[PDB]
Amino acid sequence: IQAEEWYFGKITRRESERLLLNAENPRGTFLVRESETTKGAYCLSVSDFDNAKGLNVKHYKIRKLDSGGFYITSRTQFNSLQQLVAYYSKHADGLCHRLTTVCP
C-alpha cells in the first residue's frame, strides 16, 4: 500500500485538508492516510461542497477488525483497503460523495 496512488501515508489532518481544499478539484476527490488519533486506524478524507459551507473536507475513520478486515459502517466490511476504496468509488453508502478523483 506504500505504493497505492491514493495512499498518502502518515500525513496530518491539516496536511490532508490543505492538499484537498482546492476548487479546481471535483467533489469526492480523496486520499487515505493514517489516523493521527487512533493508533492503527486509517482515515478517508474526501472534499465536498455544501452551498453554505462551500468547499469542505470530511474525515471518515477506517477501523481494522482484529481478524484483519476494515470498516467505516456496519453495513459492509472489506478484507483490504483497496477493496474499500473500490467499493466506495462505486457506492457512497453514507459518505458525502462517492469517491471520484485521487488527490492530485
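What we label the rigid core is the largest C-alpha set whose atoms superpose within 1.5 Å from one form to the other. Sequential numbering from 1, following the sequence displayed.
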property: Greater root mean square CA deviation, 28-36 compared with 49-57 in 7 other deposited structures of this protein, core aligned; result: 49-57
property: Of 79-87 and 13-21, the one with larger mean CA B-factor; result: 13-21
property: Stretch with the greater mean C-alpha B-factor as recorded in the entry, comparing 57-65 against 33-41; result: 33-41
property: Residue 47 CA temperature factor, ranked by third within the chain; result: middle
